[PDB]
């Protein structure tokens, strides 16, 4: 089903701030090579793409890529099948896809000088970090080691080059500024649903606590758990006795309580072990991270919330990676998202 009918489509920039260099700009002086002298730079803005169907029904969806990714992951799968953008426009929702600040078409804040440095001010760090193909292979649970696939795999095998090419580094933009850009987008759109992934999971939870217009969250394989400040439960170290999961984010209770006012679903794929796995770090990391999320959702529910954990295997879908929305069964995964939206009337006007 590749055909799609759009009432309108487009893109725009939103959010960000400006920083300035010293001095004055003289238009009679050579403009190239570029100088910081008299310069204004727009930094930390976000790119937003939208596609609206004819006669939309229900709330617009905001798809928010995971760490080191872009909106591409919602456009197409690595093997070229339709992504969630097409599927949900066909499902009669207006769809927004973002490249957050620091990723893709979002701004990378750098100037004339060492990366990230504007004269004596460090806007972002010059030293970067970035996963390897091998790190991403195990992070995303294609298999326990690079080159290997779990038996039930839904990964589009043969398209590894396409898949890994979509990933890259993120400069050290503050998470506050990333959240700020999405809050501004939510203010612009009106009532909407956030659909997050991995690194954007915790960021979307934060956005919802700052933006009443977020009426629901579906988070695919969120990477960092969230708790009320001072109320982080005991979370065990990993099976190597030395590593820990990502430090849970803590927010004041008055903000955490806002998460109890909207439906929230966390979705996990397959091959997360039930028991400690010392031989495979990322598998064990996922075990304990999923556990921490279960406690986070329980925390939301004890405050009167509507938070749930959906393990795709319990719904009859086996072999999903940590990107279930680009796996070979992504249509079925989408069907479960449509089910969530319908249950809560988010597919109704």
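Numbering follows the first chain given and starts at 1.
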{"property": "Entry-level comparison of average CA B-factors, 168-176 and 238-246, reporting the higher stretch", "result": "238-246"}
{"property": "Higher-scoring stretch by recorded Cα B factor average, 28-36 or 66-74", "result": "28-36"}
{"property": "Residue, from 61, 43, 317, 46, that the PDB entry assigns the highest Cα B-factor", "result": "317"}
{"property": "Relative C-alpha B-factor of residue 282, binned into the chain's lowest, middle or highest third", "result": "middle"}
{"property": "Where the record places residue 306 (Cα B-factor, split into thirds across the chain)", "result": "highest"}
{"property": "B-factor third for the C-alpha atom of residue 106 within its chain", "result": "lowest"}
{"property": "CA B-factor ranking of residue 118, expressed as a third of its chain", "result": "highest"}
{"property": "Entry-reported Cα temperature factor of residue 215, expressed as the chain third it lands in", "result": "middle"}
